[PDB]
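Below is one structure; the comments refer to it alone.
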Amino acid sequence: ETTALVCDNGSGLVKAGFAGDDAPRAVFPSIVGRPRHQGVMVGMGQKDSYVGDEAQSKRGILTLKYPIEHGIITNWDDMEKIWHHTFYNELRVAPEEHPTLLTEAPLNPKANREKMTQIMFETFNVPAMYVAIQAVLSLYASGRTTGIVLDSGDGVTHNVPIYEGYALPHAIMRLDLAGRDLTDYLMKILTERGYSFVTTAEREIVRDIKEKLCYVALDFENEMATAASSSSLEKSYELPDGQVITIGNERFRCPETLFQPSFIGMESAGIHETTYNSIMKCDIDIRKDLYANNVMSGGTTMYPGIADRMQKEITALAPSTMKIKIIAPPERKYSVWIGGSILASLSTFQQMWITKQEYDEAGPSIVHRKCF
Amino acid sequence: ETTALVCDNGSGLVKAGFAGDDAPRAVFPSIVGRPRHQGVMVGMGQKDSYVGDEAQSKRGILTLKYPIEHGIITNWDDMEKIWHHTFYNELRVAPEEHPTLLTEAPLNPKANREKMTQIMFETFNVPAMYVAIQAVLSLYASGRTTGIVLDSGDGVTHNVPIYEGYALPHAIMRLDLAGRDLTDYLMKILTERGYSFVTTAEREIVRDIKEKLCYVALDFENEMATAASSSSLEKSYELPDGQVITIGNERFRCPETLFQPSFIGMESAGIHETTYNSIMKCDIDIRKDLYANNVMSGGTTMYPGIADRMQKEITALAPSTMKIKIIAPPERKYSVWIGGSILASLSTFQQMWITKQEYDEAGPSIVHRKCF
Amino acid sequence: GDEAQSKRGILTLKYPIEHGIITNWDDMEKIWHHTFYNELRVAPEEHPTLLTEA
Ligand SMILES: Nc1ncnc2c1ncn2[C@@H]1O[C@H](COP(=O)(O)OP(=O)(O)O)[C@@H](O)[C@H]1O
Ligand SMILES: Nc1ncnc2c1ncn2[C@@H]1O[C@H](COP(=O)(O)OP(=O)(O)O)[C@@H](O)[C@H]1O
Ligand SMILES: [Ca+2]
Ligand SMILES: [Ca+2]
């Protein structure tokens, strides 16, 4: 009778809805805006904190804060505000009669799970809850049981291999390189053409430029030579004050940081080498099914041409006698929520929620022994 | 056998001289004045424009323009006229047989730099030239190879960390808050006492008031409290007509914009926070030396008490077991030119010059491959 | 060697030996030249050398 809630809680966006639906209902950015200037007109409902899309609507006079930074909930009061907004204003449900499934990146500190369990059980008084891993839900929404999942959101890029439903925890890769860092790099390299963007409001403008105009080049040096030789790669964008900017080679220099992370000073490997070393740390017999099932998920995998670039780099890295297939659905930026909707709707799942009585008898540490 | 020219062409002043010397010869402000009233006297040796100190003396009948605005050269004919003035009239030097060294703030757009190459080679026809970063020359004048440089001039305030001669480009911070913004804020808050300063001639008068009477307070709140409760902090200044003004809490409120930049409505952080984030973005081992080698340069660091205040503010943010030393030599106003003179007169430097023939096959884009 | 430890912030560090097997022979030759010439300060032409292996 009761319908479980699925709330995919990413670093940049939050996707909330009911289990069983095909698409989430409440998709809105996880920001809290606070007023920065002097309020002179008395009345008219001047609130002290705006949460969600109205913070985007009034972002010119607000300082904007992300409570989740690289998968870490830093400011818990703002995250409680976002949870209150997504329960009472967006979905408009009573949380004390609905189970709630939550998502989390792996290799994340254990205080985060305990504090989410404490806030969801004590403040909102839910009857049951569960915390799941995002890549596992991506493989659930993919409809298969074997594959290696590369999930990259706004703050974290993780990589999990699963064979026949059994995960390999020693081969899970994590990398703090995602859309926030790509946005900051694009803010850095727009100053070469004279466009200055510094404030937190215009960071969203640079993010919109990144979403609309960036793509992954198949060969970087040839695309450098093509951009230097001609001007056919240039495109124009309209700022919301009416100014028109144009960008050339900055379209594909920005997602190249995912493949060459020495552009922002990190000495770590690119995502193709991260996927290759995740496959090579796995056992000898399961690599053949993992090369053919590179499941691709998350929001920063929506660049044009990223899948062909991953195909070229992994086929270069792997031995030539094998087939490498990369699975990129067109709905892959919602795959974590769709897998959460699939998982909460199974009849075989309904005994492994964390009930209120288990929390009362075991404290917040029940989430370590039950979830994962 | 020829000598190199060193020309620090900062946004407020031009400081030019020969390499190997210890002090610059031609120091004059980067202004171009044009007449704004009608000429009624026949003869008199009247000119269409004035430059440098000659524009400074006759400023009552002139409109003054700064060709450099926050580091970016806006008007190029005026900058060409200032370069012609500092070559032919100030230094008495024919520039076709002396190589020249120029300075530039980091994260500037590229299109200045090539043009800064182009009319150095096509107009003045120098045999060689080079463009350097100001903070690197500050470390050259300091005599050491490890440190983080806070260089704040008239238009650009930037932090650059260098460890063992290796710069870290991902940790360079730029902030467009410097002496002109402090001057405009001082013109804004001087209207509270009834003193109006609106024209561009009397902006120089307010700049002189800022140079003579302003200081950085150690703690802001008790300084405001003792400014309100007494009159010992007040000082008097004589205008060149004869009028005498008296200022009180405006002496320390105008440097406070460097530490509290919300006074002019800017969302960004202060210089202590900017230096702390620039240190914290660096690698984990090198932060031991970066706390102990804070180097200041530029005229905006000439306020009394800025070093003690910056030490107290960095000491609050850093952990208590780290030793923080700020180096503020009394000659650090001229330190960019001194490092330019040390670098140009150095023996292994004379193969990094961008000569005439390399510009001839490479176009103006030689400066990106060679300089920095 | 030790001067790579003192400057390890601005360096990437590589081990030529990985699980006992020498992988990068140029870096191993560099370490051998450093330990013969800069640490023991001897010429290898007049000293027999004993080596160890797993
Ligand atoms: N079409 C697109 N092209 C490029 N980047 C995108 C696109 N759509 C979303 N993104 C990026 O994905 C990031 C967040 O995606 P997502 O994983 O759905 O949210 P979260 O990280 O909150 O889970 C955003 O920072 C955004 O920049
Ligand atoms: N004694 C002083 N006290 C306070 N500020 C000063 C002093 N001398 C110069 N300044 C400020 O320094 C700014 C620029 O100085 P400087 O860095 O030498 O020139 P540039 O910015 O061209 O490199 C000027 O705007 C001036 O207001
Ligand atoms: Ca996500
Ligand atoms: Ca300067």
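Positions of Cβ are backbone-derived with ideal geometry, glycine not excepted, and every protein chain shown enters the neighbour counts. Read-outs throughout are calculated quantities, based only on the coordinates presented, and are distinct from any laboratory measurement.
Looking at this structure, is A:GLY45 surrounded by fewer than 19 Cβ atoms within 10 Å (Cβ to Cβ), over 19 Å from the mean Cα position of the chain (by Cα) and either away from chain B (no Cβ under 14 Å) or free of Cβ contacts under 8 Å to residues at least 24 places away in the same chain (or both)? It is true that A:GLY45 is surrounded by fewer than 19 Cβ atoms within 10 Å (Cβ to Cβ), over 19 Å from the mean Cα position of the chain (by Cα) and either away from chain B (no Cβ under 14 Å) or free of Cβ contacts under 8 Å to residues at least 24 places away in the same chain (or both).
Restricting segment A:1-52 to residues that are among the aliphatic types (A, V, I, L, M) and within 22 Å of A:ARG207 (Cβ to Cβ), which is nearest to ligand 1 (Cβ to nearest atom)? Here the answer is A:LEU13.
Among the residues that make up segment B:287-306, is at least one of them under 24 Å from B:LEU182 (Cβ atoms) and in contact with a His (Cβ under 7 Å, 6 or more places away or on another chain)? There is no residue in segment B:287-306 that is under 24 Å from B:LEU182 (Cβ atoms) and in contact with a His (Cβ under 7 Å, 6 or more places away or on another chain).
Criterion applied to B:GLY17, B:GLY39 was being more than 16 Å from ligand 3 (Cβ to nearest atom) and either without any contact (Cβ under 8 Å) to a residue 60 or more places away in the chain or among the aromatic types (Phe, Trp, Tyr) (or both), and the one residue passing it is B:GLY39. Test A:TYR140 against the criterion of being more than 16 Å from ligand 4 (Cβ to nearest atom), more than 14 Å from every other protein chain (Cβ to nearest Cβ) and in a helix (DSSP H, G or I), and give yes or no. Yes: the conditions hold for A:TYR140.
So, of the residues in segment B:147-165 that are more than 16 Å from ligand 2 (Cβ to nearest atom) and closer than 17 Å to B:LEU343 by Cβ, which turns out to be surrounded by the fewest Cβ atoms within 10 Å (Cβ to Cβ)? Spell out the reasoning first.
Initial filter on segment B:147-165 (more than 16 Å from ligand 2 (Cβ to nearest atom)): B:147-148, B:161-165.
Okay, now just the ones that are also closer than 17 Å to B:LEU343 by Cβ, so B:147, B:162, B:165.
Details: B:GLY147: 22, B:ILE162: 25, B:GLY165: 10.
Filtering segment B:147-165 for residues that are more than 16 Å from ligand 2 (Cβ to nearest atom) and closer than 17 Å to B:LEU343 by Cβ, the one surrounded by the fewest Cβ atoms within 10 Å (Cβ to Cβ) comes out as B:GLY165.
For B:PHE197, the requirement of being in a loop (DSSP other than H, G, I, E, B), at negative phi, among the hydrophobic types (A, V, I, L, M, F, W, C) and away from chain A (no Cβ under 14 Å) is met.
Yes or no: B:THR74 polar (S, T, N, Q) and crowded, with 21+ Cβ neighbours inside 10 Å? Spelling it out, it is not the case that B:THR74 is polar (S, T, N, Q) and crowded, with 21+ Cβ neighbours inside 10 Å. Within 14 Å of another protein chain (Cβ to nearest Cβ), over 21 Å from the mean Cα position of the chain (by Cα) and crowded, with 18+ Cβ neighbours inside 10 Å: does that describe A:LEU177? When the stated conditions are applied, A:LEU177 does not pass them.
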